[PDB]
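Listed next as structure tokens is one chain, alone, in the form deposited in one PDB entry.
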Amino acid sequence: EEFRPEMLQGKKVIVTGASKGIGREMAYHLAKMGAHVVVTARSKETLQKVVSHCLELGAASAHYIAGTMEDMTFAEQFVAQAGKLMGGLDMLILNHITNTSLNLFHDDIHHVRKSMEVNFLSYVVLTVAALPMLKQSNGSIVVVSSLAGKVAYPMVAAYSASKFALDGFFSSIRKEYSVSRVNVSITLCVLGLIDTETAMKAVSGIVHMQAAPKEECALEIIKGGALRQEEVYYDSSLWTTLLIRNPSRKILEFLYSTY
């Protein structure tokens, strides 16, 4: 299966956390591919700037809806409003995360709960709401995760917990859809440190390492969802990408596929 830019054109896609960083870049890449896009985040203005830019890039359609993913009601309403704005949905890209900084964990349960709600729970709510439209178009769901969602890393405990949660939930669902013959693909993207403006401000001091370009990253995530791959791995270190996979788990799940 070879990826082609043509694959995306009459495709209707949603991109959360697209006002900046990787989400923003994906919006542009999709626009350059001339697809319908509905970007969301909290900041209304910065979102207007990305939409206009998308149209200039050739976006077949570019809209936005501002709101906070801390409120599950907005999460639901968004998928509906975004759906009618483009008359369908063929790909759901969950990319948003709550503001996260690097710190030792002490007693901030508030941040832990907020992380689980925004980084994990809303992805589930968003999925439930978009599944129907996705089943209709045999869509695809792309869940943006991190290396800290596959391995343990100090200073990002709450963040790591939410990303690990995504793997457990969405990987389990993937198996359910397989037997329930549900034609919706789920792509888990495991990313390493990326040169995002937010990432840089929070990384200088703890995560001492090379940061991959956000533009390439955003494209790799998109191509993975298009090829309907179960997982995408993108990091600046080839030695990390070499050890990040876990064949034992794949084998064990095969041996278990024979409930």
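Shifts are known only where both forms have a C-alpha. In case it trips you up, residue 1 is the first one in the sequence shown, and so on. Think of the rigid core as the biggest set of C-alphas that the two forms share within 1.5 Å after superposition.
Omitted here: the form deposited in another entry. The next part is about that form.
S.K.: Among 207, 66, 57, 227, which is the residue that shifts its C-alpha 2 Å or more between this form and the one not shown, core superposed?
M.R.: Single hit from the list, 207.
S.K.: Since the C-alpha distance between residue 206 and residue 105 changes by 3 Å or more in that other deposited form, give its direction relative to the shown form: closer or farther.
M.R.: Here the pair is closer than in that other deposited form; there, farther apart.
S.K.: Between residue 165 and residue 239, do the C-alpha atoms lie closer or farther in that other deposited form than in the shown form, with a difference of 3 angstroms or more?
M.R.: Result: closer.
S.K.: Which parts of the chain move between this form and the one not shown, counting only runs of three or more residues whose C-alpha shifts are all 2 Å or more after core fitting?
M.R.: Shifted runs of three or more residues, which all move 2 Å or more: 206-209, 235-244.
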